[PDB]
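A short worksheet on the structure shown next.
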Amino acid sequence: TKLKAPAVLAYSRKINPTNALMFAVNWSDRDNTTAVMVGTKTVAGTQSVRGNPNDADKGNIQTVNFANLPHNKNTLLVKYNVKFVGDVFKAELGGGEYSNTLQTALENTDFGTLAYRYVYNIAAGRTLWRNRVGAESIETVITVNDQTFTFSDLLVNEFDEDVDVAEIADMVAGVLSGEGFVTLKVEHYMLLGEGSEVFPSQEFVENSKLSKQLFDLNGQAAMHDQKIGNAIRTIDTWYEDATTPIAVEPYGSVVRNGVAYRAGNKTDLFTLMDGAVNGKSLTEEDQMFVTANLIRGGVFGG
Amino acid sequence: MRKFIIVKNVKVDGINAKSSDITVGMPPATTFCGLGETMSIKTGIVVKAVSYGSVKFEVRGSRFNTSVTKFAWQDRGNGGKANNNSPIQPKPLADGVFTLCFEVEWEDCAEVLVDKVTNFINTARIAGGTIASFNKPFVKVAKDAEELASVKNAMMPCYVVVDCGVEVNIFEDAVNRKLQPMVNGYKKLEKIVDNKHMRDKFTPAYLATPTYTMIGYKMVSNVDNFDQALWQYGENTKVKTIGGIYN
Amino acid sequence: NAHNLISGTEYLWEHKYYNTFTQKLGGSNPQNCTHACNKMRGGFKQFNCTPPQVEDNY
DNA sequence: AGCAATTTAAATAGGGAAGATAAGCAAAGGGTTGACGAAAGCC
DNA sequence: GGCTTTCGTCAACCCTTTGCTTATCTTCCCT
């Protein structure tokens with residue numbers, strides 16, 4: 001009598017960011033929006049591969065895409081548009097009955113602090129991945145339906161209580177609890193410094209002469225929307241022995257650390273979804289994790 | 001001293017691609033030799049050989065099956081069954097743009113020869129296919145061998161048929177040496193004693209099984225000897241090239 | 001020729017010669033045609049006699 | 001109102017880093033294309 | 001006495017997934 005998940009069950013992304021375009025401004029005249037071009041440089045060094053103490057001194061020439069602030073502007077600006085979409089339990093590819101019993105298994109999830117963690121990850125500047133390391137201050141300006149919100153000092157590791165993140169998260173959770181959508185026009189101003197080096201997203205190219213190739217929109221330095229969205233959904237502090245917020249994944253998995261924080265401890269998304277559709281009463285953190293996966297999206301079947 | 005008339009880019013569609021039971025595709029040299037003797041009958045210009053090349057040729061269908069023809073209820077006495085679909089006997093159809101080059105011997109001006117060949121081709125039918133279009137035929141002569149090659153290269157671009165001969169049989173060498181098989185003629189099995197259901201009552205008739213030779217496609221300029229591309233009626237109830245087996 | 005049809009189908013399926021067409025001869029139910037069409041229902045192998053094309057853009 | 005000069009040489013070399021991954025679903029239909037033989041009204 | 005219509009009769013598969021060829025070009029020479 002177990003309610004098996006359909007193979008075709010798939011949820012769409014309901015937090016849609018745009019490609020985060022990266023401009024250069026000063027800290028005073030932020031309207032002087034000059035775009036940061038990706039340049040290409042070729043750099044000489046040494047090959048210091050772990051298992052090669054022979055090629056060590058031979059030399060190493062690498063062609064890398066670089067992006068820097070110009071030497072007349074000390075502030076990096078990052079412009080993007082988060083798009084929180086409601087209707088969060090209607091799986092656009094899933095079955096009707098399984099998605100309906102998952103919806104009526106997850107009506108009581110606290111959307112307020114889910115939306116607070118999303119808007120906090122926007123406001124504290126987690127969408128600036130390496131662009132926050134080394135900065136006098138990080139000013140986040142979010143336009144939410146003709147309402148400008150200003151953010152100066154927010155520690156990104158823990159989700160502190162403040163009234164502006166809660167104010168934006170009020171209509172973000174109102175969207176995520178029901179229908180409609182809300183658009184967050186985000187502008188980040190990092191006082192990086194005069195001629196400082198900025199960190200755009202890097203593309204994967206297989207057979208290319210470039211060692212590192214950055215993402216460029218018509219030549220302008222930019223971040224990928226998936227990197228920005230990963231930084232939105234980096235809210236998971238509810239897994240086993242949680243010390244830092246990780247990205248919401250179906251297996252709680254990060255690739256760089258080489259460990260899945262929710263695989264092998266029956267806290268992965270699929271076990272809690274099968275528990276939700278089979279009468280196991282979920283916890284508040286557990287429901288919040290499952291709903292965060294449902295608005296991250298993904299196909300969950302087979 | 002040799003004379004030729006070339007009809008270039010003979011776009012023909014509706015070609016009966018069923019060359020035989022085991023060959024479907026390009027019409028064989030028996031078809032084009034039959035076309036040559038057809039003009040020997042209608043126009044009176046008696047034709048020794050025909051060299052034919054394929055500019056374009058597509059058999060209607062997929063890469064493994066030909067598109068069958070929706071048959072029409074045309075036999076007598078099967079009314080009542082006419083509302084249902086007619087049964088399909090296998091006849092693949094094809095389209096083809098050809099280039100033909102007829103060895104003729106002529107004693108008048110080239111204009112009346114061109115007009116006679118044009119008036120034939122306007123009423124002709126290449127392999128059961130309606131001749132959709134054709135360029136104005138032009139007369140070229142092969143006084144010597146360099147002039148023979150001039151006529152040869154005047155059929156550009158086309159893939160002519162060269163005979164490569166039978167070693168053991170058709171299937172074996174088609175896999176081994178990878179050459180194409182086609183009908184070079186027929187083999188007579190039995191005399192036909194009933195001439196009532198035939199085209200003529202006086203012309204002697206035989207049941208036949210198509211003999212095949214193995215052939216290759218080479219572009220007309222890459223053919224060294226034009227006599228190896230000119231097919232003609234041999235005296236073995238078959239057709240053959242003037243130059244014999246292509247080497 | 002019947003030997004050509006049957007032996008060619010068997011050989012060109014045996015010797016992996018795939019430059020061919022396949023035709024079921026009798027139709028929907030080939031037992032009214034011929035015993036070989038009745039039994040070899042997969043169709044007879046005939047030679048794909050298409051010549052090479054001339055590319056127009058040259 | 002066209003006239004604008006000739007030769008001569010264009011740098012040798014050393015390097016172009018590896019380590020990770022490259023999803024799992026579920027679909028992919030049949031509908032016509034039958035000729036001989038045998039009852040059986042019908043000129 | 002054929003003759004033309006319609007109904008009954010007799011069956012049963014192992015498939016394979018592009019090349020075939022591959023285009024018609026300057027030396028002497030003197031006017």
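Within each chain, counting starts at residue 1; across the structure tokens, chains are named A, B, ... in the order shown, with ligands numbered 1 upward in that order.
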
Please give the complete set of residues from chain C that DSSP, run on the backbone, assigns to strand (DSSP E), formatted as an MDAnalysis selection string.
chainID C and resid 20:23 44:49

Please return, as an mmCIF file with N, CA and C atoms, in the first residue's frame, all residues of chain C lying within 8 Å of chain B when only C-alpha atoms are considered.
data_model
loop_
_atom_site.group_PDB
_atom_site.id
_atom_site.type_symbol
_atom_site.label_atom_id
_atom_site.label_comp_id
_atom_site.auth_asym_id
_atom_site.auth_seq_id
_atom_site.Cartn_x
_atom_site.Cartn_y
_atom_site.Cartn_z
ATOM 1 N N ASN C 1 13.870 -14.985 -61.528
ATOM 2 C CA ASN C 1 14.484 -16.228 -61.085
ATOM 3 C C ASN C 1 14.226 -16.428 -59.598
ATOM 4 N N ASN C 4 17.515 -16.816 -57.524
ATOM 5 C CA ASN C 4 18.078 -15.497 -57.267
ATOM 6 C C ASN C 4 17.438 -14.855 -56.047
ATOM 7 N N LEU C 5 16.105 -14.913 -55.952
ATOM 8 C CA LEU C 5 15.395 -14.308 -54.825
ATOM 9 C C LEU C 5 15.734 -14.993 -53.503
ATOM 10 N N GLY C 8 19.640 -15.135 -52.826
ATOM 11 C CA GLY C 8 20.128 -13.794 -52.586
ATOM 12 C C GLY C 8 19.700 -13.244 -51.247
ATOM 13 N N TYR C 11 21.844 -15.170 -48.702
ATOM 14 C CA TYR C 11 23.262 -14.844 -48.757
ATOM 15 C C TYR C 11 23.520 -13.412 -48.303
ATOM 16 N N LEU C 12 22.724 -12.453 -48.785
ATOM 17 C CA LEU C 12 22.960 -11.062 -48.432
ATOM 18 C C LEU C 12 22.529 -10.754 -47.007
ATOM 19 N N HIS C 15 25.918 -12.562 -45.550
ATOM 20 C CA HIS C 15 27.178 -11.872 -45.799
ATOM 21 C C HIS C 15 27.117 -10.387 -45.482
ATOM 22 N N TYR C 17 25.354 -7.772 -46.428
ATOM 23 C CA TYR C 17 25.298 -6.801 -47.517
ATOM 24 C C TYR C 17 24.020 -5.987 -47.366
ATOM 25 N N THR C 20 20.738 -2.615 -50.016
ATOM 26 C CA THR C 20 19.649 -3.439 -50.519
ATOM 27 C C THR C 20 18.306 -2.825 -50.148
ATOM 28 N N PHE C 21 17.273 -3.283 -50.846
ATOM 29 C CA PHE C 21 15.880 -3.062 -50.510
ATOM 30 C C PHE C 21 15.265 -4.387 -50.081
ATOM 31 N N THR C 22 14.213 -4.304 -49.274
ATOM 32 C CA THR C 22 13.483 -5.477 -48.812
ATOM 33 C C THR C 22 12.020 -5.323 -49.191
ATOM 34 N N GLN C 23 11.468 -6.322 -49.873
ATOM 35 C CA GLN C 23 10.088 -6.246 -50.342
ATOM 36 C C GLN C 23 9.346 -7.536 -50.036
ATOM 37 N N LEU C 25 6.478 -9.792 -51.032
ATOM 38 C CA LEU C 25 5.974 -9.885 -52.398
ATOM 39 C C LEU C 25 4.467 -10.093 -52.454
ATOM 40 N N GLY C 26 3.934 -11.004 -51.637
ATOM 41 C CA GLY C 26 2.541 -11.388 -51.786
ATOM 42 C C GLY C 26 1.560 -10.354 -51.278
ATOM 43 N N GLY C 27 1.995 -9.489 -50.361
ATOM 44 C CA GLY C 27 1.151 -8.442 -49.820
ATOM 45 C C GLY C 27 0.920 -8.642 -48.330
ATOM 46 N N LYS C 45 15.239 -9.831 -50.395
ATOM 47 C CA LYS C 45 16.320 -8.870 -50.558
ATOM 48 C C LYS C 45 16.549 -8.641 -52.044
ATOM 49 N N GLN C 46 16.408 -7.403 -52.496
ATOM 50 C CA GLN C 46 16.826 -7.031 -53.837
ATOM 51 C C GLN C 46 17.874 -5.937 -53.767
ATOM 52 N N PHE C 47 18.636 -5.785 -54.842
ATOM 53 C CA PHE C 47 19.764 -4.867 -54.828
ATOM 54 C C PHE C 47 19.301 -3.423 -54.939
ATOM 55 N N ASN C 48 19.789 -2.580 -54.032
ATOM 56 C CA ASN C 48 19.596 -1.137 -54.136
ATOM 57 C C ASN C 48 20.455 -0.650 -55.292
ATOM 58 N N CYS C 49 19.831 -0.458 -56.452
ATOM 59 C CA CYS C 49 20.561 -0.097 -57.657
ATOM 60 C C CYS C 49 20.575 1.405 -57.908
ATOM 61 N N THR C 50 20.630 2.207 -56.854
ATOM 62 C CA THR C 50 20.756 3.649 -57.013
ATOM 63 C C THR C 50 22.183 4.012 -57.412
ATOM 64 N N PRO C 51 22.373 4.841 -58.433
ATOM 65 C CA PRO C 51 23.714 5.314 -58.779
ATOM 66 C C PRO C 51 24.143 6.454 -57.874
ATOM 67 N N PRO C 52 25.437 6.790 -57.850
ATOM 68 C CA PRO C 52 25.865 7.998 -57.141
ATOM 69 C C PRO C 52 25.315 9.254 -57.790
ATOM 70 N N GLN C 53 25.008 10.230 -56.949
ATOM 71 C CA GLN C 53 24.448 11.490 -57.399
ATOM 72 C C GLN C 53 25.558 12.439 -57.816
ATOM 73 N N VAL C 54 25.189 13.429 -58.614
ATOM 74 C CA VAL C 54 26.077 14.533 -58.940
ATOM 75 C C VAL C 54 25.706 15.703 -58.041
#

Chain A residues near chain D (7 Å cut-off, only C-alpha atoms (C1' of nucleotides)) as number ranges by chain
A: 7-8, 47, 49, 58-62, 301-302

With N, CA, C and O atoms retained, could you export that selection as a PDB file, in the first residue's frame?
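Output contents, as saved in again.pdb:
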ATOM      1  N   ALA A   7       7.631   7.773 -12.145  1.00  0.00           N
ATOM      2  CA  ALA A   7       8.923   7.976 -12.789  1.00  0.00           C
ATOM      3  C   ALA A   7       9.010   9.340 -13.458  1.00  0.00           C
ATOM      4  O   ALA A   7      10.110   9.871 -13.637  1.00  0.00           O
ATOM      5  N   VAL A   8       7.868   9.935 -13.789  1.00  0.00           N
ATOM      6  CA  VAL A   8       7.800  11.143 -14.597  1.00  0.00           C
ATOM      7  C   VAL A   8       7.692  12.380 -13.704  1.00  0.00           C
ATOM      8  O   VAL A   8       7.532  13.504 -14.193  1.00  0.00           O
ATOM      9  N   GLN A  47      54.722  24.674 -13.660  1.00  0.00           N
ATOM     10  CA  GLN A  47      53.784  23.580 -13.507  1.00  0.00           C
ATOM     11  C   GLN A  47      54.143  22.886 -12.239  1.00  0.00           C
ATOM     12  O   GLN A  47      55.248  22.391 -12.079  1.00  0.00           O
ATOM     13  N   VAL A  49      52.373  20.211 -10.651  1.00  0.00           N
ATOM     14  CA  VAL A  49      51.381  19.191 -10.516  1.00  0.00           C
ATOM     15  C   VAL A  49      51.804  18.233  -9.442  1.00  0.00           C
ATOM     16  O   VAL A  49      52.974  17.932  -9.325  1.00  0.00           O
ATOM     17  N   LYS A  58      60.223  23.199 -15.781  1.00  0.00           N
ATOM     18  CA  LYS A  58      60.145  23.412 -17.231  1.00  0.00           C
ATOM     19  C   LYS A  58      59.375  24.665 -17.640  1.00  0.00           C
ATOM     20  O   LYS A  58      59.764  25.349 -18.586  1.00  0.00           O
ATOM     21  N   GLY A  59      58.290  24.972 -16.941  1.00  0.00           N
ATOM     22  CA  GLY A  59      57.553  26.185 -17.237  1.00  0.00           C
ATOM     23  C   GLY A  59      56.123  25.907 -17.621  1.00  0.00           C
ATOM     24  O   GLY A  59      55.797  24.798 -18.029  1.00  0.00           O
ATOM     25  N   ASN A  60      55.267  26.914 -17.516  1.00  0.00           N
ATOM     26  CA  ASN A  60      53.858  26.715 -17.809  1.00  0.00           C
ATOM     27  C   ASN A  60      53.176  27.958 -18.331  1.00  0.00           C
ATOM     28  O   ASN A  60      53.013  28.933 -17.600  1.00  0.00           O
ATOM     29  N   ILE A  61      52.752  27.918 -19.589  1.00  0.00           N
ATOM     30  CA  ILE A  61      52.079  29.049 -20.152  1.00  0.00           C
ATOM     31  C   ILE A  61      50.606  28.769 -20.222  1.00  0.00           C
ATOM     32  O   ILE A  61      50.190  27.781 -20.806  1.00  0.00           O
ATOM     33  N   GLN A  62      49.808  29.627 -19.629  1.00  0.00           N
ATOM     34  CA  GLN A  62      48.364  29.462 -19.563  1.00  0.00           C
ATOM     35  C   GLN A  62      47.661  30.693 -20.106  1.00  0.00           C
ATOM     36  O   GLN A  62      48.017  31.819 -19.766  1.00  0.00           O
ATOM     37  N   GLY A 301      12.060  10.715  -9.898  1.00  0.00           N
ATOM     38  CA  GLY A 301      11.329   9.524 -10.279  1.00  0.00           C
ATOM     39  C   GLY A 301      12.264   8.415 -10.691  1.00  0.00           C
ATOM     40  O   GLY A 301      13.441   8.642 -10.988  1.00  0.00           O
ATOM     41  N   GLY A 302      11.722   7.203 -10.708  1.00  0.00           N
ATOM     42  CA  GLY A 302      12.495   6.030 -11.063  1.00  0.00           C
ATOM     43  C   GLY A 302      12.772   5.132  -9.874  1.00  0.00           C
ATOM     44  O   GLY A 302      12.123   5.248  -8.836  1.00  0.00           O
TER      45      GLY A 302
END

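Take CA of residue 56 (chain C) and CA of residue 11 (chain B): the distance between them is 14.1 Å.
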
Which residues of chain B sit at most 12 Å from chain D, using only C-alpha atoms (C1' of nucleotides)? Give each one's shortest atom pair and distance in Å (one decimal place), in chain and ascending residue order, as JSON lines.
{"residue": "B:68", "atom": "CA", "partner": "D:33", "partner_atom": "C1'", "distance": 9.8}
{"residue": "B:69", "atom": "CA", "partner": "D:33", "partner_atom": "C1'", "distance": 9.7}
{"residue": "B:70", "atom": "CA", "partner": "D:33", "partner_atom": "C1'", "distance": 7.6}
{"residue": "B:71", "atom": "CA", "partner": "D:33", "partner_atom": "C1'", "distance": 8.0}
{"residue": "B:72", "atom": "CA", "partner": "D:33", "partner_atom": "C1'", "distance": 10.3}
{"residue": "B:73", "atom": "CA", "partner": "D:33", "partner_atom": "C1'", "distance": 11.3}
{"residue": "B:78", "atom": "CA", "partner": "D:35", "partner_atom": "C1'", "distance": 12.0}
{"residue": "B:81", "atom": "CA", "partner": "D:34", "partner_atom": "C1'", "distance": 10.8}
{"residue": "B:82", "atom": "CA", "partner": "D:33", "partner_atom": "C1'", "distance": 11.8}
{"residue": "B:83", "atom": "CA", "partner": "D:32", "partner_atom": "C1'", "distance": 10.8}
{"residue": "B:84", "atom": "CA", "partner": "D:32", "partner_atom": "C1'", "distance": 7.4}
{"residue": "B:85", "atom": "CA", "partner": "D:33", "partner_atom": "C1'", "distance": 5.3}
{"residue": "B:86", "atom": "CA", "partner": "D:33", "partner_atom": "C1'", "distance": 5.7}
{"residue": "B:87", "atom": "CA", "partner": "D:33", "partner_atom": "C1'", "distance": 4.6}
{"residue": "B:88", "atom": "CA", "partner": "D:33", "partner_atom": "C1'", "distance": 5.7}
{"residue": "B:89", "atom": "CA", "partner": "D:33", "partner_atom": "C1'", "distance": 9.2}
{"residue": "B:90", "atom": "CA", "partner": "D:33", "partner_atom": "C1'", "distance": 11.2}

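Within region 72-190 of chain B, the backbone-based DSSP assignment of alpha helix (DSSP H) covers residues 110, 111, 112, 113, 114, 115, 116, 117, 118, 119, 120, 121, 145, 146, 147, 148, 149, 150, 151, 152, 153, 170, 171, 172, 173, 174, 175 and 176 of chain B.
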
Mind writing the picked residues with C-alpha atoms as a PDB file, in the first residue's frame?
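Just written: again-v4.pdb:
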ATOM      1  CA  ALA B 110      22.332  18.624 -87.631  1.00  0.00           C
ATOM      2  CA  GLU B 111      19.206  20.781 -87.206  1.00  0.00           C
ATOM      3  CA  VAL B 112      16.809  18.166 -88.581  1.00  0.00           C
ATOM      4  CA  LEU B 113      18.602  15.475 -86.545  1.00  0.00           C
ATOM      5  CA  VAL B 114      18.164  17.568 -83.384  1.00  0.00           C
ATOM      6  CA  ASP B 115      14.518  18.207 -84.313  1.00  0.00           C
ATOM      7  CA  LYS B 116      13.872  14.492 -84.914  1.00  0.00           C
ATOM      8  CA  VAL B 117      15.455  13.494 -81.595  1.00  0.00           C
ATOM      9  CA  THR B 118      13.523  16.273 -79.821  1.00  0.00           C
ATOM     10  CA  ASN B 119      10.256  15.118 -81.406  1.00  0.00           C
ATOM     11  CA  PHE B 120      11.027  11.570 -80.282  1.00  0.00           C
ATOM     12  CA  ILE B 121      11.955  12.604 -76.724  1.00  0.00           C
ATOM     13  CA  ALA B 145      39.888   9.260 -80.463  1.00  0.00           C
ATOM     14  CA  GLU B 146      40.514  12.741 -79.090  1.00  0.00           C
ATOM     15  CA  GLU B 147      37.236  13.723 -80.716  1.00  0.00           C
ATOM     16  CA  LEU B 148      35.663  10.656 -79.118  1.00  0.00           C
ATOM     17  CA  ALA B 149      36.799  12.012 -75.783  1.00  0.00           C
ATOM     18  CA  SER B 150      35.372  15.401 -76.693  1.00  0.00           C
ATOM     19  CA  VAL B 151      31.965  13.770 -77.059  1.00  0.00           C
ATOM     20  CA  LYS B 152      32.630  11.826 -73.872  1.00  0.00           C
ATOM     21  CA  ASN B 153      33.363  14.970 -71.863  1.00  0.00           C
ATOM     22  CA  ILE B 170      26.002 -11.883 -58.894  1.00  0.00           C
ATOM     23  CA  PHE B 171      25.613 -12.015 -55.105  1.00  0.00           C
ATOM     24  CA  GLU B 172      29.114 -13.194 -54.327  1.00  0.00           C
ATOM     25  CA  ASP B 173      30.973 -10.473 -56.189  1.00  0.00           C
ATOM     26  CA  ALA B 174      28.493  -7.747 -55.215  1.00  0.00           C
ATOM     27  CA  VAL B 175      29.608  -8.297 -51.638  1.00  0.00           C
ATOM     28  CA  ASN B 176      33.248  -9.058 -52.404  1.00  0.00           C
TER      29      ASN B 176
END

Determine, using only C-alpha atoms (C1' of nucleotides), which residues of chain E have any atom at most 8 Å from an atom of chain B, and tabulate each with its shortest atom pair and distance in Å to one decimal place, rows ordered by chain and then rising number, as a tab-separated table.
residue	atom	partner	partner_atom	distance
E:4	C1'	B:77	CA	7.7
E:17	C1'	B:63	CA	7.5
E:20	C1'	B:217	CA	7.4
E:21	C1'	B:218	CA	6.3
E:23	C1'	B:157	CA	6.3
E:24	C1'	B:153	CA	5.0

Save out the residues we just selected, N, CA, C and O atoms (P, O5', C5', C4', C3', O3' and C1' of nucleotides), as a PDB file, in the first residue's frame.
ATOM      1  P    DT E   4     -18.481 -13.046 -66.933  1.00  0.00           P
ATOM      2  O5'  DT E   4     -19.028 -11.921 -65.943  1.00  0.00           O
ATOM      3  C5'  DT E   4     -20.424 -11.677 -65.860  1.00  0.00           C
ATOM      4  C4'  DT E   4     -20.907 -11.814 -64.428  1.00  0.00           C
ATOM      5  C3'  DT E   4     -19.989 -11.171 -63.381  1.00  0.00           C
ATOM      6  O3'  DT E   4     -20.677 -10.143 -62.687  1.00  0.00           O
ATOM      7  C1'  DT E   4     -20.687 -13.354 -62.719  1.00  0.00           C
ATOM      8  P    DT E  17      22.553  -1.648 -38.660  1.00  0.00           P
ATOM      9  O5'  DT E  17      22.155  -0.294 -39.395  1.00  0.00           O
ATOM     10  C5'  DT E  17      22.846   0.119 -40.554  1.00  0.00           C
ATOM     11  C4'  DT E  17      22.115   1.272 -41.208  1.00  0.00           C
ATOM     12  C3'  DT E  17      22.147   2.580 -40.420  1.00  0.00           C
ATOM     13  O3'  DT E  17      22.361   3.671 -41.299  1.00  0.00           O
ATOM     14  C1'  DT E  17      19.895   1.890 -40.750  1.00  0.00           C
ATOM     15  P    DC E  20      32.224   4.684 -51.498  1.00  0.00           P
ATOM     16  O5'  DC E  20      31.238   4.195 -52.658  1.00  0.00           O
ATOM     17  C5'  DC E  20      30.904   2.815 -52.768  1.00  0.00           C
ATOM     18  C4'  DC E  20      29.937   2.573 -53.914  1.00  0.00           C
ATOM     19  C3'  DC E  20      30.348   3.202 -55.244  1.00  0.00           C
ATOM     20  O3'  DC E  20      30.874   2.207 -56.104  1.00  0.00           O
ATOM     21  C1'  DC E  20      27.992   3.471 -54.774  1.00  0.00           C
ATOM     22  P    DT E  21      32.255   2.470 -56.878  1.00  0.00           P
ATOM     23  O5'  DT E  21      32.477   4.039 -56.708  1.00  0.00           O
ATOM     24  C5'  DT E  21      33.483   4.695 -57.447  1.00  0.00           C
ATOM     25  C4'  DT E  21      32.909   5.895 -58.167  1.00  0.00           C
ATOM     26  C3'  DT E  21      33.866   7.071 -58.314  1.00  0.00           C
ATOM     27  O3'  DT E  21      33.620   7.750 -59.530  1.00  0.00           O
ATOM     28  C1'  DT E  21      31.995   7.741 -57.073  1.00  0.00           C
ATOM     29  P    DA E  23      36.572  13.644 -59.854  1.00  0.00           P
ATOM     30  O5'  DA E  23      35.948  14.679 -60.899  1.00  0.00           O
ATOM     31  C5'  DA E  23      36.435  14.719 -62.228  1.00  0.00           C
ATOM     32  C4'  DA E  23      35.654  15.714 -63.069  1.00  0.00           C
ATOM     33  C3'  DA E  23      36.102  17.174 -62.942  1.00  0.00           C
ATOM     34  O3'  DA E  23      36.202  17.745 -64.228  1.00  0.00           O
ATOM     35  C1'  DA E  23      33.789  17.017 -62.637  1.00  0.00           C
ATOM     36  P    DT E  24      37.191  18.979 -64.488  1.00  0.00           P
ATOM     37  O5'  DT E  24      38.241  18.402 -65.542  1.00  0.00           O
ATOM     38  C5'  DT E  24      37.918  17.252 -66.311  1.00  0.00           C
ATOM     39  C4'  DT E  24      37.570  17.628 -67.742  1.00  0.00           C
ATOM     40  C3'  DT E  24      37.850  19.071 -68.120  1.00  0.00           C
ATOM     41  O3'  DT E  24      39.216  19.220 -68.544  1.00  0.00           O
ATOM     42  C1'  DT E  24      35.727  18.321 -68.984  1.00  0.00           C
TER      43       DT E  24
END

Skipping near chain neighbours, those fewer than 5 positions away, what residues fall within 9 Å of residue 32 (chain C) using only C-alpha atoms (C1' of nucleotides), listed as a count of residues only?
8

Proximity of chain C to chain E: per-residue shortest pair, 7 Å limit, only C-alpha atoms (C1' of nucleotides), as JSON lines:
{"residue": "C:18", "atom": "CA", "partner": "E:16", "partner_atom": "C1'", "distance": 5.7}
{"residue": "C:29", "atom": "CA", "partner": "E:11", "partner_atom": "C1'", "distance": 6.9}
{"residue": "C:31", "atom": "CA", "partner": "E:11", "partner_atom": "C1'", "distance": 5.6}
{"residue": "C:40", "atom": "CA", "partner": "E:13", "partner_atom": "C1'", "distance": 6.3}
{"residue": "C:41", "atom": "CA", "partner": "E:13", "partner_atom": "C1'", "distance": 4.7}
{"residue": "C:42", "atom": "CA", "partner": "E:13", "partner_atom": "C1'", "distance": 4.2}
{"residue": "C:51", "atom": "CA", "partner": "E:20", "partner_atom": "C1'", "distance": 6.1}
{"residue": "C:52", "atom": "CA", "partner": "E:20", "partner_atom": "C1'", "distance": 5.5}

Write the selection just made, keeping C-alpha atoms, as a PDB file, in the first residue's frame?
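Ended up saving to result_27.pdb:
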ATOM      1  CA  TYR C  18      23.062  -3.882 -46.522  1.00  0.00           C
ATOM      2  CA  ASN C  29      -0.947 -12.487 -46.664  1.00  0.00           C
ATOM      3  CA  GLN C  31       0.466 -17.505 -49.009  1.00  0.00           C
ATOM      4  CA  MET C  40       9.978 -15.929 -45.831  1.00  0.00           C
ATOM      5  CA  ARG C  41       7.489 -13.342 -44.586  1.00  0.00           C
ATOM      6  CA  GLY C  42      10.235 -10.829 -43.792  1.00  0.00           C
ATOM      7  CA  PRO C  51      23.714   5.314 -58.779  1.00  0.00           C
ATOM      8  CA  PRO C  52      25.865   7.998 -57.141  1.00  0.00           C
TER       9      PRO C  52
END
